[PDB]
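According to the entry's author numbering, the sequence shown is numbered sequentially starting from 1.
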Amino acid sequence: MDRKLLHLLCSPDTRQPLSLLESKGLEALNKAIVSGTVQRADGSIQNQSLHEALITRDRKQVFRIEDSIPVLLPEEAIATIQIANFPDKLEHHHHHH
């Protein structure tokens with residue numbers, strides 16, 4: 001354990017194993033959309049609610065799925081830290097990748 005000596009620590013958060021968003025989380029995104037607090041990477045609000053979505057292992061960001069294609073576009077990525085309805089997972093998220 002050298003966290004304080006590690007003056008340069010960074011993880012591939014943009015290349016960690018993507019998963020499918022839980023239902024209780026999914027409704028939280030849509031709730032936040034209708035609430036008008038879901039701002040995409042650009043900072044603009046999202047109005048189109050979704051039925052499928054991808055979630056980071058850290059549960060920090062969400063990606064959009066449309067038609068059938070997982071939309072991995074940065075501008076289509078939502079930050080859960082902005083989702084005032086997002087339910088906590090009580091897990092210590094650790095990924096060496």
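Each residue gets a CB set at the ideal place from its N, CA and C atoms; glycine is no exception.
Cα-Cα separation between residue i and residue j, rounded to whole angstroms
i, j, result
"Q61", "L20", "12 angstroms"
"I83", "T56", "15 angstroms"
"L72", "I65", "8 angstroms"
"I69", "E75", "15 angstroms"
"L50", "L5", "43 angstroms"
"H93", "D42", "26 angstroms"
Where the alpha helix (DSSP H) containing residue i begins and where it ends
i, result
"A32", "23–35"
Limits of the beta strand (DSSP E) - the one that residue i falls within
i, result
"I69", "69–71"
"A79", "77–79"
"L54", "52–55"
"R3", "Segment: none, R3 is in no beta strand (DSSP E) and carries neither H nor E."
"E66", "61–66"
Integer-rounded CB distance, given that residue j should sit under 8 angstroms from residue i
i, j, result
"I81", "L29", "The Cβ separation is near 13 angstroms, so there is no contact."
Chain-order list of residues whose beta-carbon lies under 7 angstroms from that of residue i (same chain, five-residue window excluded)
i, result
"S11", "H95"
"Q39", "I45, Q82"
"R59", "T80, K89, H93"
Contacts around residue i, its chain only, beta-carbon distance under 8 angstroms, and the 5 residues preceding and following it disregarded
i, result
"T37", "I45, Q82, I83, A84"
Min CB distance residue i to chain B below 8 angstroms
i, result
"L8", "Absence of chain B from the displayed structure is noted, only one protein chain being present."
Is the segment 74–89 close to the segment 25–43, with three or more CB pairs under 8 angstroms? By the Cβ criterion, the segment 74–89 is in contact with the segment 25–43, since at least three pairs of Cβ atoms, one from each stretch, lie closer than 8 angstroms.
Does the segment 10–20 come within contact of the segment 36–49, defined as at least 3 CB pairs closer than 8 angstroms? Result no; under three Cβ-Cβ pairs closer than 8 angstroms.
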